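Peer 1: First the structure, then my questions, so here it is.
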Amino acid sequence: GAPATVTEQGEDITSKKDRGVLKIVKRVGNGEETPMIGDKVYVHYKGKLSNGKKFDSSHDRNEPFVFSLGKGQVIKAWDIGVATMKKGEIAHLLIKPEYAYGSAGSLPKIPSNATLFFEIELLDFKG
Ligand SMILES: C=C[C@@H]1[C@H]2CCC[C@@H](C(=O)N3[C@H](C(N)=O)CC[C@@H]13)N2S(=O)(=O)c1cc(Cl)cc(Cl)c1
């Protein structure tokens with residue numbers, strides 16, 4: 001399925017080139033501009049664990065997740081990943097635990113050492 005495909009066919013977007021965050025662009029967004037550090041970014045997403053379970057979705061809440069890019073308000077992979085996206089883009093991310101919740105996990109939903117899959121849509125970004 002889509003998690004296997006991004007695992008096997010995604011591009012490494014990490015600065016370290018350690019394959020900790022892999023990406024596939026599913027829908028190309030608008031123009032060339034990506035958000036900048038400190039922008040307010042509006043996204044929709046769905047996340048899955050490696051047991052095949054959906055663990056979260058903003059779509060199901062009927063409103064986007066909003067955060068300030070590049071400030072450590074989210075897992076490292078999200079700061080890195082959303083920074084690569086154009087407005088209107090849909091992407092898949094496959095994230096090793098070192099760029100997510102690590103050995104600690106995040107109870108109750110995220111186990112220790114969890115690889116995460118997301119589908120993410122960048123709705124908008126604003127300074
Ligand atoms: C609104 C939730 C967000 C989501 C969406 C952004 C990615 C990631 C995340 O960085 N988060 C922040 C964090 N600093 O940890 C705050 C809470 C949590 N998650 S997540 O999808 O990985 C996630 C979902 C759920 Cl239901 C629980 C957790 Cl611990 C994480």
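Residue numbers start at 1 in each chain; chains themselves are named A, B, ... in the order of the structure tokens; ligands are numbered from 1 in the order shown.
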Taking only C-alpha atoms and all ligand atoms into account, list the residues no farther than 8 Å from ligand 1, as a list in words.

Peer 2: residues 45, 46, 47, 55, 56, 57, 58, 65, 72, 73, 74, 75, 76, 78, 100, 101, 105, 106, 107, 108, 109, 110, 116 and 118 of chain A

Peer 1: Could the residues in this selection be saved with C-alpha atoms as an mmCIF file, in the first residue's frame?

Peer 2:
data_model
loop_
_atom_site.group_PDB
_atom_site.id
_atom_site.type_symbol
_atom_site.label_atom_id
_atom_site.label_comp_id
_atom_site.auth_asym_id
_atom_site.auth_seq_id
_atom_site.Cartn_x
_atom_site.Cartn_y
_atom_site.Cartn_z
ATOM 1 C CA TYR A 45 -3.144 15.064 7.371
ATOM 2 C CA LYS A 46 -3.739 11.432 8.134
ATOM 3 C CA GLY A 47 -1.238 9.328 10.092
ATOM 4 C CA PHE A 55 -3.887 6.810 14.514
ATOM 5 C CA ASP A 56 -4.930 10.392 13.669
ATOM 6 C CA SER A 57 -6.604 12.558 11.062
ATOM 7 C CA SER A 58 -7.314 16.265 10.902
ATOM 8 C CA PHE A 65 -3.697 21.606 12.049
ATOM 9 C CA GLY A 72 10.091 22.574 17.002
ATOM 10 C CA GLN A 73 6.322 22.744 17.618
ATOM 11 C CA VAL A 74 6.060 19.410 15.793
ATOM 12 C CA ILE A 75 8.231 16.343 15.316
ATOM 13 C CA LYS A 76 11.410 16.982 13.444
ATOM 14 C CA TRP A 78 7.209 17.599 10.040
ATOM 15 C CA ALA A 100 9.463 11.408 15.364
ATOM 16 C CA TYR A 101 8.926 10.141 18.963
ATOM 17 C CA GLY A 105 7.026 7.097 22.058
ATOM 18 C CA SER A 106 4.029 9.156 23.118
ATOM 19 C CA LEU A 107 1.394 7.451 25.191
ATOM 20 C CA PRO A 108 -1.184 6.291 24.620
ATOM 21 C CA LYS A 109 -1.138 6.173 20.846
ATOM 22 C CA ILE A 110 2.496 6.088 19.681
ATOM 23 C CA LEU A 116 5.217 6.810 11.076
ATOM 24 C CA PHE A 118 1.597 10.498 6.866
#

Peer 1: For residue 67 in chain A, work out the shell of residues within 9 Å, counting only C-alpha atoms and skipping chain neighbours fewer than 5 positions away, then give it as a list in words.

Peer 2: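 The residues satisfying every condition are residues 38, 39, 40, 41, 42, 43, 73 and 74 of chain A.
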
Peer 1: What's the 8 Å shell around residue 85 in chain A, counting only C-alpha atoms, without same-chain residues fewer than 5 positions away, as an mmCIF file with N, CA, C and O atoms, in the first residue's frame?

Peer 2:
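Saved file selection-v4.cif follows:
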data_model
loop_
_atom_site.group_PDB
_atom_site.id
_atom_site.type_symbol
_atom_site.label_atom_id
_atom_site.label_comp_id
_atom_site.auth_asym_id
_atom_site.auth_seq_id
_atom_site.Cartn_x
_atom_site.Cartn_y
_atom_site.Cartn_z
ATOM 1 N N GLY A 29 1.862 21.002 -6.125
ATOM 2 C CA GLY A 29 1.250 22.244 -5.700
ATOM 3 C C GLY A 29 1.587 23.399 -6.629
ATOM 4 O O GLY A 29 1.940 23.225 -7.787
ATOM 5 N N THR A 34 8.000 27.575 -1.290
ATOM 6 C CA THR A 34 7.707 26.828 -0.096
ATOM 7 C C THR A 34 7.664 27.783 1.081
ATOM 8 O O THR A 34 8.187 28.913 1.001
ATOM 9 N N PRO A 35 7.089 27.383 2.211
ATOM 10 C CA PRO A 35 6.999 28.316 3.344
ATOM 11 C C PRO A 35 8.363 28.640 3.901
ATOM 12 O O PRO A 35 9.359 27.962 3.666
ATOM 13 N N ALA A 91 1.553 15.255 -0.152
ATOM 14 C CA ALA A 91 2.749 14.425 -0.108
ATOM 15 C C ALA A 91 2.541 13.280 0.868
ATOM 16 O O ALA A 91 1.692 13.345 1.761
ATOM 17 N N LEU A 122 -0.584 20.638 2.248
ATOM 18 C CA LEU A 122 -0.315 22.009 2.671
ATOM 19 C C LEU A 122 -1.374 22.915 2.106
ATOM 20 O O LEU A 122 -1.418 23.156 0.905
#

Peer 1: Of the candidates A:15, A:68, A:62, A:7, which shows the shortest atom-to-atom distance to residue 126 in chain A, using only C-alpha atoms?

Peer 2: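 Smallest separation from residue 126 in chain A among the options: A:68.
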
Peer 1: Please identify all polymer residues within 7 Å of residue 112 in chain A, counting only C-alpha atoms, omitting same-chain residues fewer than 5 positions from it, and present them as a short mmCIF file (atom, residue, chain, number, x, y, z; two decimals) with C-alpha atoms, in the first residue's frame.

Peer 2:
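Okay, this is what ended up in around-v9.cif:
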data_model
loop_
_atom_site.label_atom_id
_atom_site.label_comp_id
_atom_site.auth_asym_id
_atom_site.auth_seq_id
_atom_site.Cartn_x
_atom_site.Cartn_y
_atom_site.Cartn_z
CA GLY A 102 12.02 7.97 19.29
CA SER A 103 12.39 5.32 21.96
CA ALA A 104 10.10 7.28 24.29
CA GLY A 105 7.03 7.10 22.06
#

Peer 1: Quick one: everything within 7 Å of residue 13 in chain A, counting only C-alpha atoms, minus sequence neighbours fewer than 6 positions away in the same chain. Send it as a short mmCIF file (atom, residue, chain, number, x, y, z; two decimals) with N, CA and C atoms, in the first residue's frame.

Peer 2:
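around22.cif, freshly written:
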data_model
loop_
_atom_site.label_atom_id
_atom_site.label_comp_id
_atom_site.auth_asym_id
_atom_site.auth_seq_id
_atom_site.Cartn_x
_atom_site.Cartn_y
_atom_site.Cartn_z
N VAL A 21 13.70 10.44 6.78
CA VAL A 21 12.45 11.00 6.29
C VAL A 21 12.45 10.85 4.78
N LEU A 22 11.52 10.05 4.27
CA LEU A 22 11.34 9.81 2.86
C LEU A 22 10.04 10.43 2.40
N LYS A 23 10.03 10.95 1.18
CA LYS A 23 8.90 11.68 0.66
C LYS A 23 8.54 11.23 -0.75
#

Peer 1: Could you give me the residues within range 67-103 of chain A that DSSP places in strand (DSSP E), as a list in words?

Peer 2: residues 67, 68, 90, 91, 92, 93, 94 and 95 of chain A

Peer 1: Can I get the selected residues back with N, CA and C atoms, as an mmCIF file, in the first residue's frame?

Peer 2:
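Wrote part_21.cif, looks like this:
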data_model
loop_
_atom_site.group_PDB
_atom_site.id
_atom_site.type_symbol
_atom_site.label_atom_id
_atom_site.label_comp_id
_atom_site.auth_asym_id
_atom_site.auth_seq_id
_atom_site.Cartn_x
_atom_site.Cartn_y
_atom_site.Cartn_z
ATOM 1 N N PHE A 67 0.415 25.343 12.697
ATOM 2 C CA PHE A 67 1.600 25.513 13.526
ATOM 3 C C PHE A 67 2.530 26.500 12.865
ATOM 4 N N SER A 68 3.554 26.916 13.611
ATOM 5 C CA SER A 68 4.592 27.788 13.121
ATOM 6 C C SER A 68 5.791 26.984 12.668
ATOM 7 N N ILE A 90 0.070 17.741 -2.035
ATOM 8 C CA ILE A 90 -0.175 16.579 -1.205
ATOM 9 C C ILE A 90 1.057 15.692 -1.294
ATOM 10 N N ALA A 91 1.553 15.255 -0.152
ATOM 11 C CA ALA A 91 2.749 14.425 -0.108
ATOM 12 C C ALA A 91 2.541 13.280 0.868
ATOM 13 N N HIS A 92 3.335 12.238 0.686
ATOM 14 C CA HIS A 92 3.459 11.158 1.668
ATOM 15 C C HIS A 92 4.837 11.251 2.293
ATOM 16 N N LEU A 93 4.877 11.063 3.626
ATOM 17 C CA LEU A 93 6.122 11.011 4.375
ATOM 18 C C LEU A 93 6.204 9.672 5.085
ATOM 19 N N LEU A 94 7.421 9.107 5.105
ATOM 20 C CA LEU A 94 7.712 7.897 5.855
ATOM 21 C C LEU A 94 8.872 8.247 6.790
ATOM 22 N N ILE A 95 8.600 8.185 8.096
ATOM 23 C CA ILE A 95 9.438 8.811 9.105
ATOM 24 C C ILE A 95 9.950 7.792 10.101
#

Peer 1: List the spatial neighbours of residue 86 in chain A as a PyMOL selection string - criterion: any atom at most 10 Å away, only C-alpha atoms, same-chain residues fewer than 2 positions off excluded.

Peer 2: chain A and resi 27-35+82-84+88-91+121-125

Peer 1: So which bits of chain A end up alpha helix (DSSP H) when you DSSP the backbone, as an MDAnalysis selection string?

Peer 2: chainID A and resid 2:9 76:82

Peer 1: For the residues in the current selection, export N, CA, C and O atoms as a tab-separated table (two decimals), in the first residue's frame.

Peer 2:
chain	number	residue	atom	x	y	z
A	2	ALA	N	0.28	2.38	0.26
A	2	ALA	CA	1.04	3.61	0.19
A	2	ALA	C	2.23	3.64	1.15
A	2	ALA	O	3.31	4.14	0.75
A	3	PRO	N	2.15	3.13	2.39
A	3	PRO	CA	3.34	3.14	3.25
A	3	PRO	C	4.51	2.35	2.68
A	3	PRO	O	5.67	2.80	2.72
A	4	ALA	N	4.23	1.17	2.15
A	4	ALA	CA	5.27	0.37	1.54
A	4	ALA	C	5.87	1.12	0.36
A	4	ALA	O	7.07	1.10	0.14
A	5	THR	N	5.03	1.78	-0.44
A	5	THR	CA	5.51	2.46	-1.63
A	5	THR	C	6.44	3.60	-1.26
A	5	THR	O	7.48	3.76	-1.90
A	6	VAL	N	6.09	4.44	-0.29
A	6	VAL	CA	7.01	5.52	0.09
A	6	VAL	C	8.28	4.94	0.72
A	6	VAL	O	9.38	5.47	0.52
A	7	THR	N	8.18	3.83	1.48
A	7	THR	CA	9.36	3.20	2.02
A	7	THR	C	10.33	2.80	0.92
A	7	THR	O	11.55	2.98	1.05
A	8	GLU	N	9.78	2.20	-0.15
A	8	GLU	CA	10.60	1.60	-1.19
A	8	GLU	C	10.94	2.53	-2.32
A	8	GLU	O	11.85	2.22	-3.07
A	9	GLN	N	10.18	3.63	-2.49
A	9	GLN	CA	10.28	4.47	-3.66
A	9	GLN	C	10.41	5.95	-3.31
A	9	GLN	O	10.40	6.77	-4.21
A	76	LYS	N	10.40	16.47	14.34
A	76	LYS	CA	11.41	16.98	13.44
A	76	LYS	C	11.03	16.74	12.00
A	76	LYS	O	11.24	17.61	11.15
A	77	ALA	N	10.54	15.55	11.67
A	77	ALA	CA	10.19	15.23	10.29
A	77	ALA	C	9.13	16.16	9.71
A	77	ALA	O	9.10	16.34	8.50
A	78	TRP	N	8.22	16.68	10.53
A	78	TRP	CA	7.21	17.60	10.04
A	78	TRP	C	7.81	18.96	9.73
A	78	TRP	O	7.45	19.57	8.71
A	79	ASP	N	8.70	19.47	10.58
A	79	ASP	CA	9.38	20.70	10.25
A	79	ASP	C	10.14	20.54	8.94
A	79	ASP	O	10.04	21.35	8.06
A	80	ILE	N	10.89	19.44	8.78
A	80	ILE	CA	11.66	19.20	7.58
A	80	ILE	C	10.72	19.01	6.38
A	80	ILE	O	10.92	19.58	5.29
A	81	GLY	N	9.70	18.19	6.55
A	81	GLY	CA	8.84	17.82	5.45
A	81	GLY	C	7.96	18.94	4.94
A	81	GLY	O	7.85	19.18	3.73
A	82	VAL	N	7.27	19.64	5.84
A	82	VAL	CA	6.41	20.71	5.40
A	82	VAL	C	7.22	21.82	4.74
A	82	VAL	O	6.75	22.46	3.80

Peer 1: Quick one: of A:117, A:44, A:61, A:37, who's nearest to residue 20 in chain A, counting only C-alpha atoms?

Peer 2: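 Closest candidate: A:117.
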